[PDB]
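K.L.:
sequence unknown, structure follows:
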Ligand SMILES: Nc1nc2c(ncn2[C@@H]2O[C@H](COP(=O)(O)CP(=O)(O)OP(=O)(O)O)[C@@H](O)[C@H]2O)c(=O)[nH]1
Ligand SMILES: Nc1nc2c(ncn2[C@@H]2O[C@H](COP(=O)(O)CP(=O)(O)OP(=O)(O)O)[C@@H](O)[C@H]2O)c(=O)[nH]1
Ligand SMILES: Nc1nc2c(ncn2[C@@H]2O[C@H](COP(=O)(O)CP(=O)(O)OP(=O)(O)O)[C@@H](O)[C@H]2O)c(=O)[nH]1
Ligand SMILES: Nc1nc2c(ncn2[C@@H]2O[C@H](COP(=O)(O)CP(=O)(O)OP(=O)(O)O)[C@@H](O)[C@H]2O)c(=O)[nH]1
Ligand SMILES: [K+]
Ligand SMILES: [K+]
Ligand SMILES: [K+]
Ligand SMILES: [K+]
């Protein structure tokens, strides 16, 4: 169908501008920011200024009540842009003023409109403050009762992965490729009418377990490309504690060429029910694309972290 | 006469699309799917969308009540396509949303219309979930009180047969030739007016014992082609436990050229009377086809597994 | 936006004389002096004479009540010039007549007009008098209850830094670059739309803690330019006791080219939360300027010295 | 501004005729004498005769009451010539008839007109008598209750300084240069608008401590030119007992070229506050003149000798 990504705040808009000018199929991007200076120079072709009568183009400050109230009084503006959609993604970095407050408001618009919403957040760095981590912890409660799926990319685990003195654009961009793989992973799943076919309906029942989520795409090629793709797709090194045990909903998609083997299918599916052996449901897909070469792809969604 | 195969669900349509573009004699195929994306690219010349007002062309999800209710409200649509027929086969992969629910509904249409129906199901893989096997076990009860003859091709026994790293298409396509052999075995029995002519009269009284069924066709050629055909046709490697002891209905068809020996018939009949020695009826047949070579064919139907 | 520096007294006018004829972007300068003899020859093209009916172009003497009452009666002139501004800096040298009295009055105009004001004072030399330091100590109370942020450049610590027999102009001119760095550092922070973006909103919430402040910009270039910039920006050698422990508000801006690294980022920020680990808020910024070379800049503002 | 020096008596006329025909900037001189014989031949272009109806142009004799009465009855003429001025200096040699009487009357005119007045006196020689020294002390007591600042050049200390058999004219011209240096130091204090700037206000509030005063200018050039100039400025060899301890008001002006060093200022101020460490106010100035050479000038005013 058609899908949308609403990235609120300046950091959420930073995820959007990378996605613009790529080859995009059936996806439109909306930028939300209380502060209008960040929306001045962006590659995204549409911009939304929220709280223009309450800030006149400025941010939310260190008090997120300014960012919460600015989005609250422009709830008329959020509903109009969210039309004709059935999957929205909330891109933000929690811990600040706007993204801590405005992102639940877009979720509140999303939940009021009967749409399936998934929020992607980044918990801040530890050195930037521990007192400000407290309301960032309470900001999770602000998002735990309004969003079906909590995607978290904590910044305290940013240095432990590729700690070779990478660029600040690169480690920020690594979290962006998590969300881009999340957006493109759902998009390639539903749009493609494979030999076996998963669409929106069994997508919807997976992350309705109301818990923490994790969704990324592992790509492998080789003789044992099935185990390398299954283990890469389940590995999310950019989280504090993934806590795969006690999950309540699993969604697996398999993509391979016409040389796809039952040994390849089982060994991807062999590692998925080891932690999902509890009283929980697992949805499995399969796709057979003839034009693309021997590269294999596995997309895994795991929601319901209890 | 004229026969029909109604394959519900996306996987059931995959069984149907295998049978298209072959040489077809007096057989029509109808494709049933709640999800309309799988019906977009199929070789079958006619498509039926069920639940179009309840899903807008989407699936049934992990809850099979959506698949059951979508088929229930289009019972007006199921009766119209099932007309002028006297043998329908229900092709589905059980354990999901639609095939768990919609296949009993097509059976309920079939039973209400006074037609002889046999349902072919595939119990899911063990790694895909054991909790979802529980309602798949209750899904057997959903089909045990609406279908005369239960055909099961469990996916847990897919590995033990030709486990040489076969393709996912090949392991799935093996079960489709089981149903194609089931359809073509009945059709070649009925359409041919051989030297001995089995027809509708003895066919109906065999599988009306209201139990599990098994329908395969063994082909052998050689000096002892009788025992190789009889033992292949009685062996169904794609089932959990065939349980041939305690059967209540046996239907046997023998096909050979004019060089047929009376010892060829007896030894095929000898291995069938061994396990059918209980208080049960056995129907046998004979065919004398002059044009075809020394290749011999044996079709055995065993319904009433108790 | 547009910002203003209000420099009262003759010495405060000397601070204004330094910044006139430089390349100025969005900043206007207003000169205040009760004594009109120092305003006779100034490089600034605009002047304000306060107390012309009470002194006729003369100073305030050793009694600052003359300097206080001269500004108090001409409060009509101070409000008219302070229009369309959102950030004013009070440049004065305390301990005299006018700057001891008139600078709180401009603050009183600033506080009445709903503007964010920071007052910058220089405590006098120790040899010029200790009795006159007593009301200069009491002049701190005169400014502690009217200005959000107290910037102090004491003259008793002037000799301990670059005590190589520097010029009187150079020892005085060092304190003017404290102001020029303070004014330009806030100016370059907001006027630039960086890749990450700070503006007035989180600026405003930092120094509203009603305490002593410190504002300097450390510039480093090299292999370990992160630690050299962070330690230079946190070091203010021109104060009595900086007292970083017990701060209530921190504002940090980071400027680098597109080769910016994580190992640059935390190592700047690691020295900031060592003393700001108490129950206080910390704001971090970041800018990515492509045109400029490998030189790196760090601007730190720390208000709320308790 | 514009300043005046009122010189009563023959010694005052000698001081005035010494200052006339020099290069004069903004200064006017008025010559007062009860005896017109000294006013017969003077280089000053304007003359005032007081007591012309009481003496017919003769002196006051050995009784100062005659000069006091003459000045009292020509107070009407005294008031008219003192107009438009803000600084007057009383030049007289005490111990005689006219100056001992007329100078307190000019002081009374100055105090009645709201002007800043400082009196310069010369206590007479010891060999001329001690009975007249008694009423010289009485005249000092008379002038102590009418003049803000008492400048004394006693003649008993005239021989102790440069005692190489100098002429009487040479010692008289030395005292005249003391008074001229006082007047001219005040002149280029108020007239010059230096980089730092002293004006009339702190001047007015310094010598209002109502005590003995001292006003001299020390000039030095060299490597340690600060200490030599400051010690020459503080040394007044032409007084009985300078009594720097217990002062109540200090006024210092510093003049140097653009090569002025901080250490010069430190050493000058350091040798000022040693005797000015009591509960007293110190006013410190600075000037930066670019055209003149490496010569340095220090002007020190110390009023309030207690
Ligand atoms: N990992 C990243 N986190 C970010 C980035 N940008 C912001 N953030 C996080 O977002 C938080 C601050 O965002 P704000 O709530 O202030 C949204 P704001 O309106 O201030 O954006 P702008 O004013 O447009 O810069 C803070 O905790 C940061 O850790 C980024 O590029 N990467
Ligand atoms: N052996 C096979 N089993 C299958 C195949 N396709 C599906 N299935 C089984 O069917 C079950 C899921 O089918 P569904 O009830 O969801 C019918 P659905 O409307 O979802 O089909 P589509 O949405 O058109 O793909 C699941 O338990 C699978 O094990 C197949 O090609 N081979
Ligand atoms: N560090 C510096 N302190 C100064 C400077 N100029 C003045 N001051 C300080 O300011 C105080 C005196 O300022 P005033 O109250 O007299 C203001 P005023 O009207 O007299 O200035 P002008 O009359 O124009 O010179 C005194 O304590 C000095 O220590 C300067 O150039 N540098
Ligand atoms: N140091 C100096 N003291 C003087 C000078 N002339 C006078 N005097 C002192 O002034 C005192 C006498 O001055 P008078 O009061 O008589 C003023 P008078 O009108 O009589 O001056 P003439 O009429 O010009 O003689 C006496 O004590 C002298 O010591 C002088 O040139 N230098
Ligand atoms: K799909
Ligand atoms: K037949
Ligand atoms: K900015
Ligand atoms: K001056």
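P.N.:
Done, it's in. Residues are numbered from 1 along each chain as shown, chains lettered A, B, ... in the order given. Ligands and ions are numbered 1, 2, ... in the order given.

K.L.:
For the rest of this, base every contact and every neighbour count on C-alpha atoms.
P.N.:
Will do.

K.L.:
Is stretch A:228-243 positioned near chain C?
P.N.:
No: Stretch A:228-243 stays clear of chain C (C-alpha under 8 Å from any C-alpha of the partner chain), getting no nearer than 15.5 Å.

K.L.:
start to end distance for that stretch?
P.N.:
20 Å (C-alpha to C-alpha, to the nearest Å).

K.L.:
buried stuff in that stretch?
P.N.:
Buried residues in stretch A:228-243, defined by neighbour count with 16 or more other C-alpha atoms under 10 Å in any protein chain shown: A:228-236, A:238-239, A:242.

K.L.:
try stretch A:155-164
P.N.:
Applying 16+ other C-alpha under 10 Å to stretch A:155-164 flags A:155-159 as buried.

K.L.:
same thing with stretch A:109-126?
P.N.:
A:109-111, A:115-126.

K.L.:
Run through who's touching stretch A:15-24.
P.N.:
Applying C-alpha atoms under 8 Å, 6 or more residues apart in numbering or on different chains, the external contacts of stretch A:15-24 come out as A:7, A:29-31, A:42-44, A:91, A:173, A:176, A:180.

K.L.:
Identify each buried residue in it, please.
P.N.:
Under 16+ other C-alpha under 10 Å, the buried positions of stretch A:15-24 are A:15-19.

K.L.:
As a markdown table, those with distance to ligand 6 and secondary structure would be great.
P.N.:
A markdown table is the format used below for the buried residues of stretch A:15-24 (distance: C-alpha to the ion, whole Å; DSSP: H, G, I helix; E, B strand; the rest coil):
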| residue | distance to ligand 6 | secondary structure |
| --- | --- | --- |
| A:15 | 70 | helix |
| A:16 | 69 | helix |
| A:17 | 71 | helix |
| A:18 | 69 | helix |
| A:19 | 66 | helix |
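
K.L.:
just those residues now: which is nearest residue D:1?
P.N.:
Distance to residue D:1 across those (C-alpha to C-alpha) is lowest for residue A:17, with 68.2 Å.

K.L.:
just the strands in the stretch 201-306 of chain A please.
P.N.:
A:211-212, A:215-220, A:249-256, A:281-284, A:287-288, A:296-303 (DSSP state E, counting those that start in this stretch).

K.L.:
So which of the ones you listed is nearest chain B?
P.N.:
Nearest to chain B among the strands of the stretch 201-306 of chain A is strand A:281-284; the distance by C-alpha to the nearest C-alpha comes to 6.5 Å.

K.L.:
chain center to the closest one: distance?
P.N.:
20 Å (C-alpha atoms, centre = their mean, to the nearest Å).

K.L.:
Return the list of helices and strands in contact with that strand.
P.N.:
Under the contact definition 3 or more C-alpha pairs under 8 Å, 6 or more residues apart in numbering or on different chains; DSSP states H and E, strand A:281-284 sits against strand A:249-256.

K.L.:
for the strand it packs on, packing partners?
P.N.:
strand A:281-284, strand A:287-288, strand A:296-303.

K.L.:
what does it contact?
P.N.:
By C-alpha under 8 Å, 6+ apart, strand A:249-256 touches A:189, A:203, A:206-207, A:209, A:265, A:276, A:280-289, A:294-304.

K.L.:
do the same with stretch A:175-188
P.N.:
A:3, A:15, A:19, A:89, A:120, A:153, A:215-217, A:238, A:299.

K.L.:
out of the buried residues of stretch A:15-24, which one sits closest to residue C:53?
P.N.:
For those, the nearest to residue C:53 is residue A:17 (60.8 Å; C-alpha to C-alpha).

K.L.:
The closest one and residue A:5, how far apart?
P.N.:
12 Å.

K.L.:
likewise residue A:102?
P.N.:
In terms of C-alpha to C-alpha, residue A:102 sits 15 Å off from residue A:5.
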